[PDB]
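So this first bit is one chain, no partners, the form solved without thiamine diphosphate (TPP), shown in structure tokens.
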């Protein structure tokens, strides 16, 4: 009704029956429809691709998250070309004339794995069309083995249909280039600390793989531009570039999300940890992210970091502890340090003067009887409520690695059971490390590991995810009671 040509389509197969001349307004109707729910820049491309390609039989792979494509039919970046090549090879072996296309953005194509994919495509020469949605120029892509066309108007649906119909029938790797158009957050706390530290230390260097702005570095980038390094969507280079700066006797800080740090794992291990280089990792979006665009949960960093020798891992419980730990890691010179904190605001904690925290020592917040709660991170307020309810001991462990071994053994000798709490996978996480300490000393005291379950957490609000997983005060108390039953 409000969108006449859009009302006439219920599947992509019917769209291809429409006259070629009706596409321009079909795009406008689609664009305006999206404004009563952002990715509108790909409207014309989406229409042209589905009008030229025999979808869903033909495979269209999108590398942000294109909404127009989902309306007509019914995530980590830079993965489209790689999978697209595999799909293209499978389609060739299938031998049923199935075609493959992949759309990649101007940001995603800066990732190393996109270059690995383009290099491989240039060698084995799959029948694959790569569409670069930007926002000669193709000499680079021609050297990598692609037949390059463009730049073209990414908003001329009829020009795209014609170009795409042509390039769809061509053999080998094809490349089309189009042009289109508490209160403070922990990110703010980190950003303020950055500027504060750089203000009186010319050795500080800040590194981010693409400024999503979520890391809170806009002010720093403008106040200290000569010491701010946006390396594009290149987590691997970000970490090892920092290693080089540390080798040069500078003090690098890598601001990186927990989920995206997974991409730099090998560089953390063999370019930093093995060398004992004092790189400071400021790990944002740790734990439960909620609904932050297309950011996966920071579910695993306490697990995959703590098996690495010579890695310090800190988990602040409020914004003051976060500043203390950033300061501590920045001035720690024996090896790399990680400080992981969640998206969102803290508790309103009083920001105390900065001083290095004793390495590998927790803080007893409340002495109780019978059971002790060992907290790693920002769930401390929830644990505090439970500790008063159950009259339990409560410890802010501060350090996932090195653990406060002496305190763990003392707690085990004065309580009947322990409880560990973390916004991280139970498997291999901070609480698992507590188990290892007790077992190593032959201390058979039962421990309830509370954390993220062993499945990928769907998106939602931080509040309702925490409630669903039993990580609020009520859920933690219930888990303890049932476990002790």
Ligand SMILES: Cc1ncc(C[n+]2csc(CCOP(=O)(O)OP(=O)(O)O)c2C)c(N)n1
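For the two forms, the rigid core is made up of the largest set of C-alpha atoms that agree within 1.5 Å on superposition. Positions refer to the first chain, counted from 1.
One more form of this protein, deposited with thiamine diphosphate (TPP) bound, exists but is not displayed; see below.
- prompt: Which single stretch, out of 242 to 250, 390 to 398, 205 to 213, 311 to 319, brings residue heavy atoms within 4.5 Å of thiamine diphosphate (TPP) in the bound PDB entry?
  reply: Of the options given, it is 205 to 213.
task: Heavy atom within 4.5 Å of thiamine diphosphate (TPP) in the bound PDB entry: which of 76, 237, 188, 98 fits that? Just give me the one.
output: The option sitting close enough to the partner is 76.
message: Just to confirm, with a 4.5 Å cut-off on non-hydrogen atoms, which of 127, 106, 192, 156 contacts thiamine diphosphate (TPP) in the bound PDB entry?
response: If I apply the 4.5 Å criterion carefully, the residue I get is 106.
query: Can you check whether residue 174 is within 4.5 Å of thiamine diphosphate (TPP) in the bound PDB entry, heavy atom basis?
result: Residue 174: no, not in contact with thiamine diphosphate (TPP) in the bound PDB entry.
message: Residue-level question: is residue 306 within 4.5 Å of thiamine diphosphate (TPP) in the bound PDB entry, judged on heavy atoms?
response: Residue-level check for residue 306: no, no contact with thiamine diphosphate (TPP).
message: Considering non-hydrogen atoms and a 4.5 Å limit, does thiamine diphosphate (TPP) approach residue 141 in the bound PDB entry?
response: Close contact is absent here: in the bound PDB entry, residue 141 is far from thiamine diphosphate (TPP), nothing within 4.5 Å, heavy atoms only.
message: Check residue 263 for me: does it contact thiamine diphosphate (TPP) in the bound PDB entry (non-hydrogen atoms, 4.5 angstroms)?
response: Answer yes; at least one heavy atom of residue 263 falls within 4.5 Å of thiamine diphosphate (TPP) in the bound PDB entry.
message: Counting heavy atoms only and using a 4.5 Å cut-off, do 38, 65 and 133 all touch thiamine diphosphate (TPP) in the bound PDB entry?
response: Verified in the bound PDB entry; spot residues all in contact, yes.
- request: Would you mind telling me which residue of 202, 294, 97, 333 shifts its Cα by 2 Å or more between the shown form and the other one when the core is superposed?
  value: Single residue meeting the criterion: 294.
message: With a change of at least 3 Å, which way does the C-alpha separation between residue 293 and residue 379 go in the bound PDB entry: closer or farther?
response: Closer together, by at least 3 Å.
- prompt: Are residue 292 and residue 344 closer or farther apart at the Cα level in the bound PDB entry than shown, by 3 Å or more?
  reply: Those two alpha carbons end up farther apart in the bound PDB entry.
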